[PDB]
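What follows is one structure encoded as structure tokens, with my remarks underneath.
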Amino acid sequence: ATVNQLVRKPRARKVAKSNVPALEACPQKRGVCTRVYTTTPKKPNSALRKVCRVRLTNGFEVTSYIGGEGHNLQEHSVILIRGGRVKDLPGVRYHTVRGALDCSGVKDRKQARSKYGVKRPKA
Amino acid sequence: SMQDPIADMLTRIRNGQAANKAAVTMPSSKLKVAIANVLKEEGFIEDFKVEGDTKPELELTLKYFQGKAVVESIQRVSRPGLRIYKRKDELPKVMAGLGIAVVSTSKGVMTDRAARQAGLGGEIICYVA
Amino acid sequence: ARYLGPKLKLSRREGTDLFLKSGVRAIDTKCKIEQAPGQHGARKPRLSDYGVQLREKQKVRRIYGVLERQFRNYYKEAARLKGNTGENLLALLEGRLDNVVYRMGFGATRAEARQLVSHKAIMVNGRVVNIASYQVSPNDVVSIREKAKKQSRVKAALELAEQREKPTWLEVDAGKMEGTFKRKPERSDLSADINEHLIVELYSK
Amino acid sequence: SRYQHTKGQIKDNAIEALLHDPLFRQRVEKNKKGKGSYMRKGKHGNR
Amino acid sequence: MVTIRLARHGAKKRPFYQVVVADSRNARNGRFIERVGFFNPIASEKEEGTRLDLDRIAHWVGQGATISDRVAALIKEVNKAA
Amino acid sequence: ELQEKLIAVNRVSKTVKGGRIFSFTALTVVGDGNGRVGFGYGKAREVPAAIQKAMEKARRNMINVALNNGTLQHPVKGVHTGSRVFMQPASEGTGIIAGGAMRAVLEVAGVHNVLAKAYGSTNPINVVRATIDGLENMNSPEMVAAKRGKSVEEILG
Amino acid sequence: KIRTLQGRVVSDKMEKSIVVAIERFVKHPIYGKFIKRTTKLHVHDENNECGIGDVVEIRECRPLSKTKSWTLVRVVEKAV
RNA sequence: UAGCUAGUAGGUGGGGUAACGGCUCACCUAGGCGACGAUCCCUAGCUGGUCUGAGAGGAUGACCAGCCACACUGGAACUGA
RNA sequence: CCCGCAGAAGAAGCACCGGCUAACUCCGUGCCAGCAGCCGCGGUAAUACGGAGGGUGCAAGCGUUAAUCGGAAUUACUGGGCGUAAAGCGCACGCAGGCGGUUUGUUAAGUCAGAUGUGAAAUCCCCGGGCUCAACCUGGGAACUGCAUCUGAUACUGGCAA
Ligand SMILES: [Mg+2]
Ligand SMILES: [Mg+2]
Ligand SMILES: [Mg+2]
Ligand SMILES: [Mg+2]
Ligand SMILES: [Mg+2]
Ligand SMILES: [Mg+2]
Ligand SMILES: [Mg+2]
Ligand SMILES: [Mg+2]
Ligand SMILES: [Mg+2]
Ligand SMILES: [Mg+2]
Ligand SMILES: [Mg+2]
Ligand SMILES: [Mg+2]
Ligand SMILES: [Mg+2]
Ligand SMILES: [Mg+2]
Ligand SMILES: [Mg+2]
Ligand SMILES: [Mg+2]
Ligand SMILES: [Mg+2]
Ligand SMILES: [Mg+2]
Ligand SMILES: [Mg+2]
Ligand SMILES: [Mg+2]
Ligand SMILES: [Mg+2]
Ligand SMILES: [Mg+2]
Ligand SMILES: [Mg+2]
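If you're matching them up, the sequences are chains L, H, D, Y, P, E and Q in order. Each step along the first sequence adds one to the number in the entry's author numbering, with nothing skipped, and position 70 is 70. Each step along the second sequence adds one to the number in the entry's author numbering, with nothing skipped, and position 67 is 67. Each step along the third sequence adds one to the number in the entry's author numbering, with nothing skipped, and position 203 is 203. So the mapping is simple: the entry's author numbering equals the position in the fourth sequence, first residue as 1, plus 1. Each step along the fifth sequence adds one to the number in the entry's author numbering, with nothing skipped, and position 69 is 69. So the mapping is simple: the entry's author numbering equals the position in the sixth sequence, first residue as 1, plus 8. So the mapping is simple: the entry's author numbering equals the position in the seventh sequence, first residue as 1, plus 2.
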């Protein structure tokens with residue numbers, strides 16, 4: 001705090017960690033998506049979260065979250081991973097872009113359809 | 001031992017008024033008189049005395065316009081651990097002009113307003129406010 | 001772009017006449033314009049501190065028919081244009097040609113003036129223009145193309161301007177249907193109620 | 002679709018083994034009044 | 001070889017040339033010794049469309065500069081006072 | 009004529025034998041638009057009954073603090089117990105841009121200006137008492153002329 | 003008048019050379035303090051007269067060696 | 001990452017480059033850098049500027065422009081101002 | 001760029017509505033399906049889920065991730081703390097380093113002022129113009145917080161001397 005102490009050891013600006021290790025921190029990534037399973041949340045919540053373990057193109061095997069209502073994913077069929085941890089799941093720090101590669105949009109969805117990638121009811 | 005006796009002068013001025021005293025006495029030197037002469041002109045104080053042959057004791061008489069002291073805050077600026085030397089274009093305007101900022105210019109120890117009239121720059125001693 | 005929906009609904013949220021359908025009627029006198037903002041019309045809102053600061057800025061845009069993207073650039077321009085920013089923001093919105101044609105009286109509404117200016121009918125300094133956002137410089141003239149003279153709308157809108165405040169920062173002749181912008185409007189020269197300091201503080205954060 | 006439970010191998014019983022999984026944990030409902038029914042703001046805090 | 005040529009600023013189809021003292025190796029808009037004046041071809045009745053320090057150009061042509069053809073013909077248009 | 013403004017209203021409890029009793033606390037400020045500001049805290053057991061107990065404590069304890077033309081005089085540091093409040097003159101900067109609870113105590117004072125940043129812990133009861141301390145610690149050009157220098161023409165120019 | 007610098011000799015024996023070090027006062031650009039700072043040079047001198055720990059005068063010359071371009075002008079004192 | 005360096009620090013004479021110089025040799029003297037951080041490891045083109053910020057700073061340097069570096073990888077020389 | 005058409009004719013969507021943060025209620029599902037940025041909502045009267053009515057925020061663009069800065073005075077030089085919240089080394093001696101009472105003389109490195117050279121142009125900023133005007137283009141200045149040299153001031157700081 002003394003000025004003579006700051007010319008010696010400068011005011012060391014700490015650095016924060018990146019919330020998502022998406023490697024070079026690029027908007028989305030593409031992974032093959034092995035092991036599509038379900039999980040139960042933390043203590044206050046109680047549900048059956050649709051979770052997938054994505055083998056990213058970098059080489060990582062981070063897990064992701066299929067946010068939506070209906071999913072038709074398999075042990076393959078590449079998907080597009082988007083940042084954002086949920087809250088109540090351990091280790092889940094990514095989302096799935098519904099409406100991309102082989103991840104179809106949510107059937108029966110007409111209120112936030114750009115989220116979840118539903119086209120439009122034509123008129 | 002004391003490092004900057006000039007910062008001791010302001011400490012006598014601050015604590016003297018805080019204790020509600022009529023006058024204070026401190027060991028004298030050239031600069032303590034020179035800043036007192038600035039404070040005497042500016043009205044922040046009543047007359048001083050440097051009476052004493054071998055041990056000059058500087059004796060400032062404090063000033064109270066009302067029940068509250070006149071010298072509200074008197075902050076040392078160019079302390080020895082961090083000496084500041086501002087130029088003509090960046091002399092501070094303490095309390096937007098409602099307080100002085102005593103500078104030591106090459107032409108002498110002056111207030112900031114008179115040194116700005118003089119067009120000089122120097123060591124920023126204190127912020128008498 | 002431009003808001004193209006129901007016009008009184010904008011004036012219904014502000015609880016005041018935004019002159020969007022300003023003509024030979026009072027309000028409409030029959031559709032509840034005092035207090036029935038939407039469906040929940042009896043629901044009297046409290047309007048927290050942000051909701052007041054938003055609503056004042058929303059009032060001005062609905063008056064002058066501008067959009068947020070172009071409005072923020074007026075704020076940036078007003079903030080560098082010396083002096084009181086809030087008056088300068090009012091100096092710019094009054095400087096729009098789209099407002100000038102309205103104040104001259106050729107517009108029944110600014111929406112009529114927006115169509116009239118855009119459909120190649122108005123000439124500033126003998127130069128035809130189409131931009132609604134033309135900043136009318138001081139000591140200039142505004143006029144109409146003669147093929148746009150006698151359109152039976154520039155007549156009808158001009159009569160209603162007699163029932164207006166007759167602004168003094170600009171004068172108008174009605175012979176050859178042209179007017180002259182004279183000086184910048186002062187803050188006290190108009191509007192008397194449209195707050196400006198709430199707009200500055202909104203963008204101040 | 003397939004529930005991932007927290008036990009690697011399963012021997013001698015499926016339904017009974019899932020009974021000691023956190024899927025079938027006890028769910029205690031936080032009561033609205035009485036013991037353990039205090040809330041800071043609740044669901045809509047307008048005063 | 002030092003020469004006095006033109007740059008090409010401005011937008012597409014609306015150019016603003018700049019009479020510039022540059023070595024004749026660098027590109028159209030590259031490094032230059034000293035920008036001396038300008039030019040505006042699509043200028044009609046405004047300010048000048050062409051203003052350039054003829055006292056400076058004589059200082060360069062004496063040292064060994066080369067006046068480019070479009071430059072010399074524009075100097076010819078603004079000879080000394082005509 | 010006064011322009012009272014409610015700032016914050018919360019709910020404190022006591023915890024007696026069979027439960028806790030939610031007494032409500034209010035925090036209002038009456039003003040003048042001229043320089044007289046006073047905050048009345050108050051608290052009761054009902055919400056509209058607590059502001060009335062806050063309206064009275066405000067009016068009886070208003071402090072008359074002078075000011076130039078709708079703005080503060082010099083920069084001032086209103087520190088009080090949780091907040092290191094700073095207010096800056098902001099000459100004709102046409103905005104009462106300030107934090108929560110600092111906007112209310114200034115726009116009833118008749119300030120159509122001053123920039124203000126609330127350092128330290130933001131706390132409504134304290135940040136109101138911070139600026140009230142901050143305005144009282146501000147001196148008039150005539151007031152500083154009275155105690156030193158002795159000419160408002162001299163000290164200012 | 004030609005450019006020249008003072009400085010005190012730190013290292014002595016170099017076989018027809020010497021090493022000086024100039025104390026210079028730099029205001030730290032962030033914190034602000036007139037910090038004493040030292041730059042070492044390699045100073046040539048014919049007649050190796052000046053020893054160690056003495057204030058000399060150097061001027062910048064044509065480079066006489068690998069990172070050695072300074073030379074001696076005068077000497078204010080040799081030793082007390 | 002705490003000791004690092006032996007053509008390395010410097011001198012005398014020869015040679016060499018457009019040009020000074022360990023740039024390169026012979027001999028001689030043992031020094032040189034080092035907590036104001038040497039060597040080593042990792043990462044990275046630099047600057048005008050750019051994006052933010054009240055300011056101070058922080059982060060980053062695509063386009064436009066100056067400089068440097070590279071031209072399948074490693075190395076060398078010729079021609080030529 | 002200017003003129004003509006029995007022609008409004010070819011051109012409006014996108015998130016959000018518990019609070020933070022503008023914006024309200026009903027049906028269907030009942031801690032199941034799902035929402036999320038944070039606090040946290042859903043357990044058969046949900047304005048927080050899904051779908052409709054309206055409402056708001058923006059608009060040929062919105063919304064979500066991603067990166068930096070701001071908010072963050074949560075790296076504090078401007079501008080923070082250390083009895084108990086994280087923090088005074090167990091204590092002391094002590095080199096380098098940092099700072100240092102008072103008087104006078106001197107020098108003028110630090111400091112301050114003025115001039116010169118340079119600080120490329122462009123960009124940013126301020127007055128002026130030009131494409132129907134704005135983005136953009138652009139003339140003239142300011143600025144480029146700097147560095148160096150020279151000439152002075154020389155109180156304060158430093159060196160030297162008594
Ligand atoms: Mg647009
Ligand atoms: Mg009571
Ligand atoms: Mg060399
Ligand atoms: Mg040799
Ligand atoms: Mg590229
Ligand atoms: Mg380039
Ligand atoms: Mg080159
Ligand atoms: Mg090769
Ligand atoms: Mg029709
Ligand atoms: Mg939602
Ligand atoms: Mg709903
Ligand atoms: Mg952050
Ligand atoms: Mg702290
Ligand atoms: Mg403890
Ligand atoms: Mg202890
Ligand atoms: Mg010592
Ligand atoms: Mg100078
Ligand atoms: Mg100069
Ligand atoms: Mg123009
Ligand atoms: Mg220009
Ligand atoms: Mg300057
Ligand atoms: Mg003297
Ligand atoms: Mg010192």
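Virtual Cβ for every residue (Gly too), placed ideally from N, Cα, C.
With 16 or more other Cβ atoms from the protein chains shown falling within 10 Å of its own Cβ, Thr40 (chain L) counts as buried. Contact annotation: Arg53 (chain E) and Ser31 (chain E) have beta-carbon atoms nearer than 8 Å.
Exposure of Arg51 (chain P) is indicated by the presence of fewer than 16 other C-beta atoms within 10 angstroms of its C-beta.
Exposed is the label assigned to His9 (chain P), since fewer than 16 other Cβ atoms lie within 10 Å of its Cβ.
The Cβ-Cβ distance between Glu46 (chain H) and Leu62 (chain H) falls below 8 Å. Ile4 (chain P) carries a strand assignment under DSSP once its states are collapsed to helix, strand and coil. As for any alpha helix (DSSP H) of minimum length 4 sitting wholly inside the region 3 to 43 of chain H, the runs are 5 to 18 and 30 to 42, ordered along the chain. Per DSSP, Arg35 (chain L) is one residue of the beta strand (DSSP E) stretching across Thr34 to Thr39. For a Cβ distance threshold of 9 Å, residue set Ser46 of chain L lies close to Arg28 (chain Y), ordered along the chain. Any Cβ of chain H closer than 8 Å to the Cβ of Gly157 (chain E) would place that residue at the interface, and such an atom is present. Identification of chain E residues near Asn84 (chain D) by a Cβ-Cβ cut-off of 8 Å yields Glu100 and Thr102, ordered along the chain.
Out of L:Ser18, L:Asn45 and L:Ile81, the CA that lies nearest to the CA of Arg55 (chain L) is found in L:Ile81. Checking the DSSP bridge columns, you'll see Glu59 (chain H) partnered with H:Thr25.
Two segments are said to touch when three or more pairs of C-beta atoms, one from each, lie closer than 8 Å; by this definition the region 105 to 121 of chain D does not touch the region 49 to 57 of chain D. Non-local C-beta neighbours of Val102 (chain H) in its own chain, meaning closer than 7 Å and more than five positions away in sequence, comprise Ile35, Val38, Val109, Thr111, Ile125, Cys126 and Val128, ordered along the chain. Inclusion of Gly108 (chain E) and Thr130 (chain E) in the CB contact set at 8 Å is warranted, their separation being smaller than that value. Residue range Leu54 to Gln63 is occupied by the alpha helix (DSSP H) that includes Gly62 (chain P).
Membership of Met110 (chain H) in the beta strand (DSSP E) is indicated by the continuous run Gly108 to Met110.
Rounded to whole angstroms, the separation of the alpha carbons of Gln17 (chain H) and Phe65 (chain H) is 12 Å. If you draw a straight line from the Cα of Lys3 (chain Q) to the Cα of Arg76 (chain Q), it is about 15 Å long. Residue pairing of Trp72 (chain Q) in beta bridges, as defined by DSSP: Q:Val45 and Q:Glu62. Under the DSSP assignment, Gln60 (chain E) falls outside any beta strand (DSSP E), being part of the alpha helix (DSSP H) whose first and last residues are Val55 to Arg67. Taking the Cα positions, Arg13 (chain D) is about 37 Å away from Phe94 (chain E). Counting the other CB atoms within 10 Å of its CB gives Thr29 (chain D) a total below 16, which places it among the exposed residues.
For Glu25 (chain Q), the enclosing beta strand (DSSP E) starts and ends at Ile20 to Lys29. For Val160 (chain E), the enclosing alpha helix (DSSP H) begins and ends at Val160 to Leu164.
Taking C-beta separations shorter than 8 Å and ignoring five residues to either side along the sequence, the partners of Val2 (chain P) in its chain run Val21, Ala22, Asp23, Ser24, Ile33, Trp60, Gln63, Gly64, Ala65 and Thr66, following chain order.
With the criterion set as a beta carbon lying under 7 Å from some beta carbon of chain E, the members of the region 41 to 73 of chain H are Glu42, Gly43, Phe44, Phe65 and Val70, in sequence order. When P:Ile42, P:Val78, P:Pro41 and P:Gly49 are compared, the shortest CA-CA separation from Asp55 (chain P) is found for P:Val78.
Taking 8 Å as the cut-off between beta carbons, the residues of the region 141 to 152 of chain E near chain H are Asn147, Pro149 and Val152, in sequence order. Runs of the beta strand (DSSP E) lying entirely within the region 131 to 196 of chain D, each at least 3 residues long, are 140 to 144, 170 to 172 and 179 to 181 in chain order. For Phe71 (chain D), the uninterrupted alpha helix (DSSP H) run begins and ends at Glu68 to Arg80, by DSSP. Non-local beta-carbon contacts of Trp72 (chain Q) in its own chain, meaning distances under 8 Å to residues more than five positions away in sequence, involve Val22, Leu43, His44, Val45, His46, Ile60, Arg61, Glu62 and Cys63 in chain order. Under the three-state reduction of DSSP output, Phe25 (chain Y) falls in the helix class. Contacts with chain Y (Cβ-Cβ distance below 9 Å) from the region 21 to 43 of chain L involve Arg35, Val36, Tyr37, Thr38, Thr39 and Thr40, listed in chain order. Beta-bridge pairing by DSSP links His9 (chain P) to P:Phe16.
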